[PDB]
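# Examining the three-dimensional arrangement
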Amino acid sequence: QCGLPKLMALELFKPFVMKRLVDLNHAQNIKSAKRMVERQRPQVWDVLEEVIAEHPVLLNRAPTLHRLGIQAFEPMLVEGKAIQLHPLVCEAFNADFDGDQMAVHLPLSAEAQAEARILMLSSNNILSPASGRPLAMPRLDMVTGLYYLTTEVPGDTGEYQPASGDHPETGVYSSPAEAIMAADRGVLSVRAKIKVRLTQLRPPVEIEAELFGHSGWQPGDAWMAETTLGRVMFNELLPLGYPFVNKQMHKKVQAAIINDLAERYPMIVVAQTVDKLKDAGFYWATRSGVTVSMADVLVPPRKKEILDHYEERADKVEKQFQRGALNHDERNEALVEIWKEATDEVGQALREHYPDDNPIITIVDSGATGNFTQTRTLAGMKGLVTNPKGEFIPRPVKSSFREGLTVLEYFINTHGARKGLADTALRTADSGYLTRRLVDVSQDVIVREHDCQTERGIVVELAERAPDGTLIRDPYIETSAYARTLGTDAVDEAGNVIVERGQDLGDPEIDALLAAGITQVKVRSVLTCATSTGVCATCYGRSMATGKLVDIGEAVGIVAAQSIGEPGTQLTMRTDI
Amino acid sequence: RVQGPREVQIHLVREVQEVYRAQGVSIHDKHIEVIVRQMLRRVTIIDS
Amino acid sequence: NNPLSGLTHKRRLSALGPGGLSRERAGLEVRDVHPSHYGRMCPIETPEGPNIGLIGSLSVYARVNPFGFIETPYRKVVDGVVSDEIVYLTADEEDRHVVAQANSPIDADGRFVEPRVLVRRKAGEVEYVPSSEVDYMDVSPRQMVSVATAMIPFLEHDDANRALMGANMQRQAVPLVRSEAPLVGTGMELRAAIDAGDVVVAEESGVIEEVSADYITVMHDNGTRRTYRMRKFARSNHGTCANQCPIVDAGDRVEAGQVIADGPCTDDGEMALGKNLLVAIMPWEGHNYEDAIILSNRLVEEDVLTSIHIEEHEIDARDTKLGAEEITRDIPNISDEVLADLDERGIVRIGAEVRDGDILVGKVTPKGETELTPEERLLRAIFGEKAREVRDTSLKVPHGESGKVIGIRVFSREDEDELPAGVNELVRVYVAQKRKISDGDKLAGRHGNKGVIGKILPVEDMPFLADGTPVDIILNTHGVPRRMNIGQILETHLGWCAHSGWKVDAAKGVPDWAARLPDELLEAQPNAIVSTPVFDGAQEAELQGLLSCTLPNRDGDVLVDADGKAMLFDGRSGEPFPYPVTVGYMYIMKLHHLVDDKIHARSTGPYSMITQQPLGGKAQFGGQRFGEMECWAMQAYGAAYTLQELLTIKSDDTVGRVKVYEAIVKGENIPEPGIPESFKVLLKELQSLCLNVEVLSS
Amino acid sequence: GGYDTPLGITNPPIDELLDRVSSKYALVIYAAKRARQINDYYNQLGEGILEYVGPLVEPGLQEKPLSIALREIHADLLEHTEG
Amino acid sequence: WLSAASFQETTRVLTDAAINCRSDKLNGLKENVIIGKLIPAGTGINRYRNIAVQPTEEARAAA
Amino acid sequence: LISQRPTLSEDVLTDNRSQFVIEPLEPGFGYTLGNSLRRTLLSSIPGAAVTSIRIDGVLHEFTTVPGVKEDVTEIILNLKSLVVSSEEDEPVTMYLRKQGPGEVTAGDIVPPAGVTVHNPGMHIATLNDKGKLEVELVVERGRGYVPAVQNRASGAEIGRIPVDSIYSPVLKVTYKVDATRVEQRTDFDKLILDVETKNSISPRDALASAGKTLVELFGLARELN
Amino acid sequence: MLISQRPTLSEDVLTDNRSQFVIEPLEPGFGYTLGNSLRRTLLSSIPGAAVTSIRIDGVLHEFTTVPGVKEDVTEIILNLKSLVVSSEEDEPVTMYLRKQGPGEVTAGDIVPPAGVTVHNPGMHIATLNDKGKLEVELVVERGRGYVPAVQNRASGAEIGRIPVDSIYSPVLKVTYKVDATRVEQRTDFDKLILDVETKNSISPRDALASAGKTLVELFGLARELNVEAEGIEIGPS
Amino acid sequence: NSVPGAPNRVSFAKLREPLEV
Ligand SMILES: [Mg+2]
Ligand SMILES: [Zn+2]
């Protein structure tokens, strides 16, 4: 779904409503229908709502970086003059509600409507075509909500504690219904460790194998779960067949969960479950009690001592510089190193001082937004302030934005702020030019045939062996070895064929390869495709957007060039290579 | 010109991937492989 | 659009124009902030678009030397004694001397407690220097700041980026109908309001003879009197009202240099760009997700956030070989319910509501002659209609605006006015409407927190304190720590303290935090007004002490505890929220980015001359531009037919355009796209450029 | 088919439709041409009827021909020849 | 030459193409976009464009 | 456990503020009961308020009157806070007659039968020797608030000026609870509710009307049987 | 007065005891007021009976397992807790269930006298084995709401008695959801959908009926201030 | 203040400005 202002829809669907209203005899003649619609008499609204039913429309936000910049929605009429945008596809459009505007395009032809309904429907494109990671992930607020929901705080109310002699454990609940009934009263909190007999949730793999045996079908059979009922509600969101998780919910964990869901579940199911996740996250973000205030922004008591110690070191090096034994270059370098060590010490002290349940802390570790460097900038001491040329001032800042700054500290900070904000405007234009050049150079690469049957292929290191003797997994596999096709057969010590040639090379395949002890494999890539024009489908391999083998006509060149060119705005140089 | 066409593809791909991943941005290799294949399409002529 | 925009339009420094450098000519070296700018040019006030770093604004204390050099004053210090002698130094003059900290520990004799004081040296280096070595010290804090960016409280706590943004939205505020003074502000507001010029100042003292809405007559001390004609609902250059209401009484003596009537964004003679609203920093069901804001419908009902918008429409009645254009009612083929609100002189009656498409000024024009359709000749005999030999070139109110009519300013050659050659009559009509707040309108504080209105939901559906007072505004918590604008919650705490009032119990000695805190601050009345200079302002400990003493309103209830949070009950479910949420009063202003002026839709409008593509912009019917980058995404999906339709029949092919229109009026299937006309036009340019270009069938 | 019932534009599941066809683009052409045939049959009702036959499934109140096209594909009432 | 013309250095590529009498195939994606013809990608290829759709005989019998 | 049926006492503080106690409730019910009462008592109480005004000296509401110190929209804003109570649903008209210098208040307005201005000490504007204030009021009953209707949608005169109308006698409302939580399981809630009205109707009457609306809206569900 | 549209109730049977209730249309803003009140009333207003204290033979200090049977005691106590029972008398009635030899333990082997009935005779409770012998004694009383375990005052007299939590509410779980259907055309009206699941002893239909009947009774006391006041009326049925 | 019609704005300033703007 997507919102659409009533006047906007009325003007967009003009001839449609004319033909519909005249068909409904609203206006005997189309000349009358002109004034009939332009006067906006009430009878146009219902006849308009009739024609919007199942007529997809396109939404666009300038600039369009990647392929997901254009998405098709089935609109509903909404009162007002603003487009109601779903809070999940904000990542695709790179859209923020600062006041950014979006253009809407209306498909006309039956073919165009079919394409909007199938290819461009927002539900049908969840995975990012660039890297295959889920791009419709829950974002900031819902991530915070889920992190609060599935966290497990010990010593909470209504916990399960073993006991005997006088009273039982008094922590076990028959069904999640009784659990939520208790949680409605104050007896039991959401994030308390309890034990519940579950029926409608698949137990984890180890427990299922241990108890249910070979036939591990869950909804019929009851089992005991040691978790918190908040995790029970969170598991309720996922489809029936998905196993219980019982883990705290960071961004990466939901990324893995949704990636697996997209891998082994139908597209409509994941499209529904991500919506359910959004609803639950938004609902539980309110009760999460994440709120910023002066109390939440604490300062480290040790800050004064560390700052004075490094100030004494700075005084010693300054006296050394005055004596002339070390030049000014040595002075600046020593000051930079001393103050960098000082801010590292301040950062670790702040990390050890802040409680794990602080609002800023739960925000930063949940992965919703921010980084610990930004928290150190907030409370504590910022660090080293740069120069218009790019150097670091020998005398850095010492206070924090929470403690306030003096005029010249604000001046020097303004130096770097203005430098960065001027650099961004040039770098975005340069990235745009790079995208244009890439699109032009790679326009003619389009899949033409299924397979060229060639045997030439490339080789990926794939977790080279360690001297101690093991299989140290390569850090860079998902970008290099995943979603490929084997150019030959994977055989260890001239033994059994672990993976035959022509395989998707998914996660189970790579796990089998690592288990077999093999390291080196041949990959059928595009670099050796024998096709005269374009590339064969097998050479390209799995398409990240679909999660399956690429189709026979997808324009892989444009999708590539967009994927390389999209993150151009996130490129930043270091402090003559 | 000194290690054939095979090694230059590996060098280019690894270098651009390192540059992009320096900021923690993940892009699969095949995207850059398409481009580097596009660059290596032509061959120079050294004899009439 | 407000007095602040007028103030900052002057006293601003540009880098473009004749003899200057263009944006493409501007390298990264120009856009930076040179250390010599300190006190000369403010490093905050700057447009954030492509002109970043080129156009700036002058500081508050800066002065122009007779030679064109920007010159600033500074105190001079000798042997640890600062005199009150104020000297003015240019940029290069500061190289020879050493200037000291603006806020330094003066001991009421000029000496500083410690020798080494943070000073700025010649080459922009900031190092410590013994007290006896420094020779100059700054006039005051906020010397390196601009007037627009001197109004942000707790400026030293905000990041440079967010302070820059907030200073930018300061100029874009619109005048409300009440213009309440901010609860917490800076001392610059009064001076800025007085010097803006749109607040009438009694030039000469004396008693007030008589006061009225339209005029004020002040009785001077010596015989003669002075009358000040007032301006009511004057249209501004940006379609904003310029109401000017007097704030004096019938017989109260006034003093020369005193405010007489408030301007569009002023009350009691000081700046007032927004309102004071209750704030909840908690997230709420995702309706405030990603910088969105949800407001109470009370603001709609109470008219808290509403601005008048005066619009001016012009019609020219020139001379033509048809004769002349008469402003009459003889418009061919018109109904009555549309002509009922139009006087018999060819204009609208003063005080008649109109909407889009209504007739505004009747400018009859002789139609001329063309191919009269045979069908017309048949048609005139069925109803007796006359020829109607004149084209009804009247004024249609364009789309997306309405409202009442203010007045008529009619000019004519018969009136003996200096109208342009050939032009006989000039009529300018004014249309005004009261624009309520609504979703999509952009709201922002003074710390740079922006965002559109996510939802206007009723008063029942909001958190409310134990006092039962519904909250007014709701902000997302995620935007605060990730944008380095911690100053906004400080302003919120101070605003709540000012709203409630405090009485520091200095009975058993003065509290330690209050010792440095000045007099007449330990006691305060509810809804009082406090000020805070940008860099010399209330410290954290002072705010903590103020939060400690928060005397209740009417009952015994300290809603906001010592730490700053407060207890809120949900208005939807009714159970109390499990954790306290900070509440307070923050200054919120409407921005001139209303959704009404930014909504646009087009089915089939006009087309350009050379190519048959549609036009661009809301002034004409417009039509969104489909750039080639969007075409790249079109290709990436592989949706070939959609791109083909977009580029052929929705944009270019004339025959395709008429055929597709006929298709979705006849309910018939949409036909095949044709050959774009712009391609043929390109082909013709190539052919006429002496390039033989030919398309080969086979 | 344990998925809960869909709503709105996705009344026929996309995956069930996709198993019917070889690839997504072929399904798009399927739907487009079937909708065109539906429209031609609707326009030929009063006058001489061509070889086109209208909705082989029961049509609703007023649904755009693409929706009936997809519902027809979901019922396996059509076959096609790949180019 | 059309793609090179619409990319960079229009005058130079136009002159060199005119000298060489460079006849364009009009088969690339950008060229098909400029002309308005169907692009040779996605639903534009011949396999998908020329799909014939007719009802099943059993379905015809049901009417 | 408690088997006793809930009761409802009354506690009156001022002429417009009252405390309501409902005892004994069930643990966990007090919050939702208070919220349910409060929402409807705040947004669904029928009332009477001004709708349109007319001034013989002006044609629209963007022109000052010769003599008045305030501008026209200021008088609109001032009389927006009037307190008017009527009993008949048919719209009625009022009249304002003030001449010469002096403050003009709601007490100057002469209302017809069935209309009582409960706030006569509220000033409307101020005049001078050239004061000419002839102001027409219309008042109709209603509920909630209604934005200003368009004077052209209805057959109104040119000089008629629509005004935003807010029919809500209730000003502020809050509730508080204090359960017992006794170890003997004798648990009940004690809901204390507060109502503050705008001197139009007593809090008792507003509570009675809200209770009637809720009773009907819930007997809607009762009929399922 | 009238809301101009008579609200309706739609009940869609899903299981033997599971239903979805829809309130369409509804006056704006009233969806939550009805939904939360109804869910709380259903949860803690419907009378019902549940087990309160448990004593079994052979246990006086062994709160882990009991001989004769093999499985632990937590399973037994939870299974006893998940037992439906309707009692028309307010006194705590004692229950028994006994059998000899290995076999299957079900509620059908319980011995309910007149005044109490068990609607889940076919519920597995334990698995007696090894020539086992058990004698399970139950204490059940009626009331409303949800109350946790209450300690035995006569611990000395009843040392084998153990308190347990009790589910007095016949309804298990209720959830509500609101939406914004047909808001523009019919002045912001909305649906309120309720999901109800109760024990097999009673049905969701009469459960909601009794909940609304109780709510209207306890609200007429609030109505009884001005007998003839002004509100809104629904219409016919 | 130092302005005839200036409303009383109590301020947290710690030092006095030697000159006005
Ligand atoms: Mg934005
Ligand atoms: Zn190949």
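- Method of structure determination, per the deposited record: cryo-EM was used for this entry, reaching 3.7 Å resolution.

- In the nomenclature of the PDB entry, chain F is known as DNA-directed RNA polymerase subunit alpha of Mycobacterium tuberculosis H37Rv.
- Per UniProt, chain F carries the Function text "DNA-dependent RNA polymerase catalyzes the transcription of DNA into RNA using the four ribonucleoside triphosphates as substrates."
- In its Sequence similarities section, the UniProt entry covering chain F states "Belongs to the RNA polymerase alpha chain family."

- Within the PDB entry, the label attached to chain A reads DNA-directed RNA polymerase subunit beta', and the organism entered is Mycobacterium tuberculosis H37Rv.

### Examining the packing of helix α2 (residues 14-23) of chain A against helix α4 (residues 43-52) of chain A
All names here are of chain A.
- Orientation of α2 relative to α4, taken along the N-to-C sense of each, is 115°, at an axis distance of 9 Å. Compared by their axis directions, α2 and α4 come out roughly perpendicular. In the packing of α2 onto α4, the handedness of the crossing is right-handed. Between α2 and α4, the contacting residues are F16, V17, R20 and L21 on the first element and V47, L48, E50 and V51 on the second.
- Of the residues assigned to the contact of α2 with α4, the class counts are six nonpolar, no polar and two charged.

### A few points about helix α6 (residues 110-118) of chain A
- The buried fraction of α6 of chain A is high, at nine of nine residues.
- Residues of α6 of chain A that are buried include every one of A110, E111, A112, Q113, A114, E115, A116, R117 and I118 of chain A, and no others.
- Those residues of α6 of chain A that are buried are in contact with β2 (57-60) and β3 (70-73) of chain A, α11 (640-648) of chain C together with α1 (14-20), α2 (24-43) and α3 (65-74) of chain D.
- With a side-chain oxygen positioned 3.2 Å from the backbone nitrogen of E111 of chain A, the residue opening α6 of chain A is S109 of chain A.

### Notes on the coordination of the zinc ion (ligand 2)
All names here are of chain A.
- Coordination of the zinc ion (ligand 2) by the protein comes from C452 (SG), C529 (SG) and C539 (SG), over a distance range of 2.3 Å.
- Of note, the donors binding the zinc ion (ligand 2) are all from one chain and are spaced C-x76-C-x9-C. One end of the pair, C529, is in the loop between β12 (521-523) and α19 (537-540); the other, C539, is in helix α19, with 10 residues separating them in the sequence.
- Residue class for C529 comes out buried when judged on its relative accessible area of 9%.

### What about the sheet that holds strand β10 (residues 184-185) of chain C?
- The three strands are arranged β10(C)-β31(C)-β1(H) in an open sheet whose pairing can be described as parallel. Unpaired on one side and paired on the other, β10 of chain C together with β1 (10-11) of chain H mark the two borders of the sheet.

### What about the pattern of salt bridges?
All names here are of chain A.
- This model, assessed by the stated rule, comprises 93 salt bridges over all chains.
- In this structure, the salt-bridge partner of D260 is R264, at a minimum N-O distance of 2.8 Å. Note that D260 and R264 are positioned in helix α11 (residues 251-264) at a spacing of four residues, about one turn of the helix.
- Taking the shortest distance from any N to any O, the salt bridge between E305 and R302 comes out at 3.5 Å.

### Things to note about the sheet that holds strand β7 (residues 194-198) of chain A
Residues and elements named next belong to chain A.
- Pairing in this open sheet of three strands is mixed, and the strands run β6-β7-β8 from one edge to the other. Both outer strands of the open sheet, β6 (172-173) and β8 (223-227), are each paired with one neighbouring strand and no more.
- Strand direction decides the pairing type here: β6 and β7, joined by two bridges, are parallel. Its bridge partner lying in β7, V172 is registered against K195.

### Concerning the nonpolar core
- Within the largest apolar cluster, 56 residues are counted, with the highest numbers of intra-cluster contacts made by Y410 of chain A together with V147, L155, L273 and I486 of chain C.
- Of all elements in the fold, only α15 (359-365) and α17 (407-441) of chain A together with α1 (3-9), α3 (160-170), α4 (188-195) and β33 (581-590) of chain C reach the threshold of two or more residues within this core.

### Let's talk about the interface of chain C and chain A
- At the interface, 102 residues of chain C touch 100 residues of chain A.
- For the side of chain C that touches chain A, the secondary structure elements donating two or more residues are β8 (126-129), α3, α7 (487-500), α9 (540-548), β33, α10 (628-637), α11 and α12 (654-666) of chain C.
- Looking at which element gives the most residues to the side of chain C that touches chain A, the answer is α10 of chain C, with nine residues.
- Here the residues of the side of chain C that touches chain A sort into 53 nonpolar, 23 polar and 26 charged.

### Remarks on the domain arrangement of chain F
Residues and elements named next belong to chain F.
- Annotation of chain F at the domain level lists domain 1 (1-46 + 168-225) and domain 2 (47-167).
- The distance between the C-alpha centroids of domain 1 and domain 2 comes to 35 Å.
- A combined buried area of about 680 Å² lies between domain 1 and domain 2, and 43% of that area is made up of carbon and sulfur atoms.
- Per-residue buried area on domain 1 facing domain 2 is highest for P46, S168 and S200; these three make up 57% of the total on that side.
- Taken together, domain 1 and domain 2 are joined by zero salt bridges.
- At the boundary of domain 1 and domain 2, one finds three residue pairs in polar contact.
- Of the residues contributing to the side of domain 1 that touches domain 2, the split by class is three nonpolar, five polar and one charged.

### Remarks on the arrangement of the chains
- Of all 13 pairs of chains that touch, the greatest number of contacts is found between chains A and C.
- In this structure chain B stays clear of chain F, and the shortest span between their C-alpha atoms is 48 Å.
- No part of chain D reaches chain H; the closest C-alpha pair between them is 59 Å apart.

### Quick look at the packing of helix α20 (residues 556-565) of chain A against α10 of chain C
- It is at 8 Å that the axes of α20 of chain A and α10 of chain C come closest, and there the two elements cross at 130°. Relative to α10 of chain C, the element α20 of chain A is oriented oblique. With respect to the hand of their crossing, α20 of chain A and α10 of chain C are arranged in left-handed fashion. On the side of α20 of chain A, the interface is formed by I558, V559 and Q562 of chain A, while α10 of chain C contributes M629, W632, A633, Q635 and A636 of chain C.
- Residue composition of the contact of α20 of chain A with α10 of chain C, grouped by class: six nonpolar, two polar and no charged.

### Here we look at the pairing of strand β9 (residues 133-144) of chain G
All names here are of chain G.
- In the sheet, strand β3 (residues 47-56) pairs with β9 via nine bridges, with the strands oriented antiparallel. Bridged to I56 within β9 is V136.
- As paired strands, strand β5 (residues 93-100) and β9 are joined by eight bridges and run antiparallel to one another. Residue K99 lies in a different strand from β9, and its bridge partner there is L134.

### Structural notes on the interface of chain D and chain C
- Listed as interface residues are six residues of chain D and, on the opposing side, six residues of chain C.
- There are zero salt bridges connecting chain D and chain C.
- Applying the counting rule to chain D against chain C returns two residue pairs in polar contact.

### Observations regarding the packing of aromatic side chains
- For the coordinates displayed, the defined rule picks out 18 aromatic pairs over all chains.
- Aromatic side chains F411 of chain A and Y38 of chain C sit 5.9 Å apart centroid to centroid with 70° between the ring planes, which places their arrangement in the edge-to-face category. Of this pair, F411 of chain A sits in helix α17 while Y38 of chain C sits in the loop between β1 (12-13) and β2 (56-57), each in a different chain. For the residue pair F411 of chain A and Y38 of chain C, the accessibility class agrees, reading buried in each case.
- The interplanar angle of 65° and the centroid separation of 6.4 Å between the aromatic rings of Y41 of chain D and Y42 of chain D together place this pair among those described as edge-to-face.
- Since its relative accessible area comes to 23%, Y41 of chain D is described here as partly exposed.
- Here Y42 of chain D falls in the partly exposed class, since its relative accessible area comes to 46%.
- A connected cluster of aromatic rings, assembled from ring pairs, spans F464 and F569 of chain C together with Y31 and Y175 of chain F.
- Over the face of the ring belonging to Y433 of chain A we find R437 of chain A, whose NZ or CZ atom lies 3.7 Å from the ring centre.
- A cation sits over an aromatic face here: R657 of chain C above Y607 of chain C, 3.5 Å from the ring centre.

### Considerations on the domain arrangement of chain A
Residues and elements named next belong to chain A.
- The domain architecture assigned to chain A consists of domain 1 (141-286) and domain 2 (294-422).
- With centres defined by C-alpha atoms, the gap from domain 1 to domain 2 works out at 42 Å.
- At the junction of the two partners, domain 1 supplies five residues and domain 2 supplies five residues.
- Interface area, domain 1 with domain 2, both sides summed: about 520 Å², of which 53% is carbon and sulfur.
- Together, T144, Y147 and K251 form the three largest contributors to the area buried by domain 1 at its contact with domain 2, with a combined 65%.
- Our count for the domain 1 to domain 2 interface comes out at one residue pair in polar contact.
- Split into classes, the residues belonging to the side of domain 1 that touches domain 2 amount to two nonpolar, two polar and one charged.

Quick notes on the rules
Residues numbered from 1 in each chain as written, not as in the entry; some residues may be left out. Chains lettered and ligands numbered in written order. Part of a larger assembly, values for the part shown. Heavy atoms only, no water. Residues with missing side-chain atoms left out of burial classes, pairs and counts. UniProt positions renumbered as here; feature names shortened; annotations may be inferred. Axes fitted to C-alpha atoms, helices over the stretch in contact; angles between N-to-C directions. Helix = DSSP H or I, 4+ residues; strand = E, 2+ residues; numbered from the N terminus. Parallel < 35°, antiparallel > 145°, perpendicular 65-115°, else oblique. Left-handed = near helix turned anticlockwise from the far one by under 90°. Contact = heavy atoms within 4.5 Å. Nonpolar A, V, L, I, M, F, W, Y, C, P; charged D, E, K, R; others polar. Buried < 20%, exposed > 50% of the residue type's maximum accessible area, 1.4 Å probe, protein only. Polar contact = N/O pair within 3.5 Å; in protein donor to acceptor, adjacent residues only side chain to side chain. Donors = N, O, S within 2.8 Å, 3.2 Å for Na, K, Ca; no water. Pairing = 2+ DSSP bridges. Salt bridge = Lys/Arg side-chain N within 4 Å of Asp/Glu carboxyl O. Core = buried A, V, L, I, M, F, W, Y, C linked by side-chain atoms within 4.5 Å. Domains from an automatic or database assignment. Buried area = accessible area lost by both parts, 1.4 Å probe. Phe/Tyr/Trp six-rings, centres within 6.5 Å; stacked < 30°, edge-to-face > 60°. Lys NZ or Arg CZ within 6 Å of the ring centre and 35° of its normal.

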